[PDB]
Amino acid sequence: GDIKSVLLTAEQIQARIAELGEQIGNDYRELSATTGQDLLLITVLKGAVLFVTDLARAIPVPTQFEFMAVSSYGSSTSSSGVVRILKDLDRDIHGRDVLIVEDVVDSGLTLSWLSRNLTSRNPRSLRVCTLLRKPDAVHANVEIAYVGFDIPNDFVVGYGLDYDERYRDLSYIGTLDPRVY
């Protein structure tokens, strides 16, 4: 069982993803025309891989994929969000129109740090699209242009999100019964 409640059903998620796709799509409409390049989705492994595969199919504009793998350092990652790069971008993003695809944004320390990092590669444009936004996503030195859902503070799992590498494969997002934590 260990699912205490269903926060967001599969139907609700896929409905808003098609919604975000249209919005993102017309904002970057005319890209493949003016620049000749596609909208580039950058995703940090691995909580947002389910989201990015669905989102890209919802975007009515040519879309490329790019993945990063990162790892925490320890006692200061929780303070500055500086994170270890295990897998960098395969391609350069110079003069590219880049959209960071996130699963959740809470502290936003890491996202803030990633933004500054990707900025140093000098892209043509850069903003963030998150599926879920927690109450305290108001701090984080980073503006989010696209938000899927504004969710409560309690820990959620499903649809890419995990607890000890579990529950990622669920089509819905929900909360765990505290007996598992």
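One rule holds for the numbers: they count along the sequence shown, beginning at 1.
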Using only the Cα atoms and their B-factors as the entry lists them, report which of 160-168 and 15-23 averages higher.
15-23
Highest mean C-alpha temperature factor of the two stretches 67-75 and 103-111, which is it?
103-111
Per the PDB entry, which option out of 43, 117, 153, 53 has the greatest Cα B factor?
153
Top Cα B factor in the deposited entry, candidates 39, 128, 138, 49
138
Report the third (lowest, middle or highest) to which the CA temperature factor of residue 147 belongs, ranking only the modelled residues of the same chain.
middle
Would the CA B-factor of residue 59 place it in the lowest, middle or highest third of its chain?
middle
